[PDB]
Protein chains: 4
Amino acid sequence: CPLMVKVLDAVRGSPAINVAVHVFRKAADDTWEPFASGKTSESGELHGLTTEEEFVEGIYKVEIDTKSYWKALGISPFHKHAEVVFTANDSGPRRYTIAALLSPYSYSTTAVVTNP
Amino acid sequence: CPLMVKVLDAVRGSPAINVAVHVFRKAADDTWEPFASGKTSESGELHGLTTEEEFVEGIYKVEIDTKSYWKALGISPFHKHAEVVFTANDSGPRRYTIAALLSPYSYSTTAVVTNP
Amino acid sequence: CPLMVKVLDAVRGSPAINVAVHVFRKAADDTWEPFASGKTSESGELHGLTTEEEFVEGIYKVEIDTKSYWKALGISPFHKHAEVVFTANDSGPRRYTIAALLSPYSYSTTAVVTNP
Amino acid sequence: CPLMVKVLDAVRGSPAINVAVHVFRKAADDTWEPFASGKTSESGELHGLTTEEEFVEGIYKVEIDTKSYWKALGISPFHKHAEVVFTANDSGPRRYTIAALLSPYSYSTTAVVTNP
């Protein structure tokens, strides 16, 4: 599992469950192509987006649909989404965890990159 | 004035100076129309992006060129940029400040929405 | 002046107004001596805690009463307070701003250290 | 495992390994008593601090020794520590994860509280 996303809700102090996440990879013509997507589980984690074979070097965009998450809880949040854009695998295969922490008017995101 | 951006550097404990910021407004076609841009000052602030006349309700993207900022410091960054996408307005007068706190592998952004 | 505090509310996207802040300096005995305090303004800022004469090198604690702030809003908080402990100085003139971003189950703080 | 701590390094994009964590519980006389301690593992996690039996209702303080972590990496950080203070188990036993994200001049902490 080379790419994992984990989402937390800073208001409720809980995993952010059933959050939609879309991954795109920049194509040869500089447009975004759809790469993978999923929803976070009961633990706020999304595993199984991709495989070592499919996750080649490239520029990736992870879009987390924070607006639908807050709306489903009855809050009108500020942001439409949280987008995280980065180059992956440039020096060889790594494992990436993209974590995000959500509040209605703020978010933070952190990447944890490791070598398994 | 109606829209301000402030950027801080969590590594050095300083304002993030000379950071390029670009602002886009979403067109009916869903393309992103460039709208305003500048570089943060010595105080990490960028004022005078737009005017009350020009800053109408709509969906806006603020792109902060974090990768170039960390490269100017010799510090290796993860993200290509930090992008903040939101909906502006309605009721009553509003000023928007988009604040961002930068680290090489993490950033947070928060919207402070006030009225004079 | 040499020491300022700014507090933002990540739930409402506003300055955190009427937040009690207390500042302590560590004594040689390692007890915490109260030193300064106030409440944040409408802009979420607290200025005039101390003076250049009084703010000598040492170890300081800034305690932000987050629990009372969230209770005044009807929102259930996790933390009793947010406490920020640091060492002040040396070389050249310095101003310290302690910034805090609050959510009910999360907070961040950052120090912005500058000189006029 | 009712109390877990997880620490990340925002500069390196890695778990923060071998970070010392001290837990105290407020005693009947309002002083802090030492409750438990440990160091984070190679994955930035500290498990096995306490047990369901020992972790009773009370006010707890989790002190993360961030200054020794940055110093061991050759950085002089701003904060002496990150302290997280909270009431636990007030409505019955919960599982608490205290996460912290570290930079030299900034940190954030988030609590994730769940019901297993």
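Cut-offs used in this document
Residues numbered from 1 in each chain as written, not as in the entry; some residues may be left out. Chains lettered and ligands numbered in written order. Heavy atoms only, no water. Helix = DSSP H or I, 4+ residues; strand = E, 2+ residues; numbered from the N terminus. Rg over C-alpha atoms; globule rule 2.2 N^0.38 Å. Buried < 20%, exposed > 50% of the residue type's maximum accessible area, 1.4 Å probe, protein only. Contact = heavy atoms within 4.5 Å. Areas by Shrake-Rupley, 256 points an atom, 1.4 Å probe, with all protein chains shown as cover. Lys, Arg positive; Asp, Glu negative; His and termini not counted. Charge placed at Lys NZ, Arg CZ, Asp CG, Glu CD. Core = buried A, V, L, I, M, F, W, Y, C linked by side-chain atoms within 4.5 Å. Pairing = 2+ DSSP bridges. Axes fitted to C-alpha atoms, helices over the stretch in contact; angles between N-to-C directions. Buried area = accessible area lost by both parts, 1.4 Å probe. Salt bridge = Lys/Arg side-chain N within 4 Å of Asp/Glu carboxyl O. Polar contact = N/O pair within 3.5 Å; in protein donor to acceptor, adjacent residues only side chain to side chain. Nonpolar A, V, L, I, M, F, W, Y, C, P; charged D, E, K, R; others polar. Least-squares fit on C-alpha atoms. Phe/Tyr/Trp six-rings, centres within 6.5 Å; stacked < 30°, edge-to-face > 60°. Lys NZ or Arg CZ within 6 Å of the ring centre and 35° of its normal.

Per the deposited record, determination of this structure is attributed to X-ray crystallography, with the resolution reported as 1.60 Å.

Visitor: What exactly am I supposed to notice about the overall build of chain A here?
Guide: The helix and strand tally for chain A stands at one helix and nine strands. Over its C-alpha trace chain A gives a radius of gyration of 14 Å, about what one expects of a compact globule, namely 13 Å for 116 residues. Principal-axis analysis of the C-alpha atoms places the extent of chain A at approximately 40 × 30 × 20 Å. The burial tally for chain A puts 55% of its 116 residues in the buried class. The long-range fraction of contacts in chain A, counting pairs at least 24 apart against all pairs at least 6 apart in sequence, stands at 59%. Accessible surface for chain A amounts to roughly 5,000 Å². Of this, 48% is attributable to carbon and sulfur atoms. The averaged location of the 14 negative side-chain charges in chain A is 8 Å from the averaged location of its 11 positive side-chain charges.

Visitor: In this structure, what is going on with the nonpolar core? I would like to understand it.
Guide: Here is a general trend for soluble globular proteins: nonpolar side chains tend to be buried in one another's company. Formed by 121 residues in total, the largest nonpolar core has its most connected members in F86(A), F86(B), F86(C) and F86(D). Every residue in contact with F86(C), bar those within four places of it in the chain, is listed here: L3(C), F55(C), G58(C), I59(C), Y60(C), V62(C), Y96(C), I98(C), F78(D), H79(D) and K80(D).

Visitor: What is the right way to read the sheet that holds strand β3 (residues 20–26) of chain C from this model?
Guide: Residues and elements named next belong to chain C. Strand order in the open sheet formed by four strands is β4-β3-β6-β7, and the pairing between neighbours is antiparallel. Edge strands, defined here as strands with exactly one partner in the open sheet, are β4 (32–39) and β7 (82–88). Taking the axes of each pair of neighbouring strands and ignoring which way they run, one obtains an average angle of 20 degrees across the sheet. Relative to strand β6 (residues 58–64), β3 runs antiparallel, the two sharing five bridges.

Visitor: For this particular structure, what's the right way to read the interface of chain B and chain A?
Guide: Accessible area lost on assembly of the parts is the figure often given for the size of an interface. Taken together, the contact pairs 21 residues of chain B with 21 residues of chain A. Across the chain B to chain A interface the summed buried area is about 1,800 Å²; carbon plus sulfur atoms make up 53%. The interface formed by chain B and chain A holds zero salt bridges in total. Seen at the junction of chain B and chain A, the total is 13 residue pairs in polar contact. Contributing elements (two or more residues each) for the side of chain B that touches chain A: β7 (82–88), β8 (95–103) and β9 (106–114) of chain B. Looking at the side of chain B that touches chain A, the element that brings in the most residues is β9(B), giving seven residues. By residue class, the composition of the side of chain B that touches chain A is eleven nonpolar, seven polar and three charged. Examined bridge by bridge, strand β9 (residues 106–114) of chain A and β9(B) share five bridges and lie antiparallel to one another. Residue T110(A) lies in a different strand from β9(B), and its bridge partner there is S106(B).

Visitor: It is not clear to me how the relation of the copies chain D and chain B should be interpreted in this structure. Could you clarify?
Guide: What relates the two chain copies is a rotation about an axis together with a slide along it. The two copies are related by a screw operation: chain D maps onto chain B through 179 degrees of rotation and 0.0 Å of translation along the axis, at an RMSD of 0.8 Å. What the superposition gives is, in effect, a two-fold axis relating one chain to the other. Across chain D, the rotation axis passes nearest the C-alpha of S103(D), at a separation of 3.4 Å. Most of the interface of chain D is mirrored in chain B, where 100% of its interface residues again form contacts.

Visitor: Help me understand the packing of aromatic side chains, please; the structure alone is not making it clear to me.
Guide: Pairs of aromatic rings are described using the distance from one ring centre to the other and the angle between the two planes. This structure, assessed with the given rule, holds 40 aromatic pairs over all chains. Judged by centre distance (6.2 Å) and plane angle (40 degrees), the rings of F78(C) and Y96(D) are tilted. Of this pair, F78(C) sits in the loop between α1 (66–72) and β7 while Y96(D) sits in strand β8 (residues 95–103), which puts the two residues in different chains. Residue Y96(D) is classed as buried on the basis of its relative accessible area of 5%. By the ring-pair criterion, three or more aromatic residues cluster together here, those being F35(A), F55(A), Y60(A), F86(A), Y96(A), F78(B) and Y105(B). The ring of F24(A) carries the charged tip of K61(A) above its face, separated from the ring centre by 4.9 Å.

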